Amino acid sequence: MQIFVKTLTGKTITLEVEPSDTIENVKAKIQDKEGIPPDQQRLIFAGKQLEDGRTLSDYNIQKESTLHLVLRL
């Protein structure tokens, strides 16, 4: 399934994920597409800031959902 990741400047990048993909897993996918180390990114979905080791499904994130990306650098 697909999900979208919106950045700060609005740049909308697309991901190929699986329902039971951990968050540490999503960060690695972003690293692959944008060269940003996982330890630098923080992901928020519908207000909540997701924590690695919880899965997309643990947060009811389904196909074509939008995650927002923030960074700690």
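The term rigid core refers to the most C-alpha atoms you can superpose between the two forms while keeping them within 1.5 Å. Numbering starts at 1 and follows the sequence shown.
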item: Farther-lying stretch by C-alpha RMS in 4 other deposited structures of this protein (rigid core fit) among 51 to 59, 7 to 15; value: 7 to 15
item: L73 - which third its CA temperature factor falls in, relative to the rest of the chain; value: highest
item: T55, C-alpha B-factor rank within chain (lowest, middle or highest third); value: lowest
item: Where the record places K33 (Cα B-factor, split into thirds across the chain); value: lowest
item: Chain third (lowest, middle, highest) by recorded CA B-factor, residue given as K48; value: highest
item: Modelled-residue ranking by C-alpha temperature factor, third containing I23; value: lowest
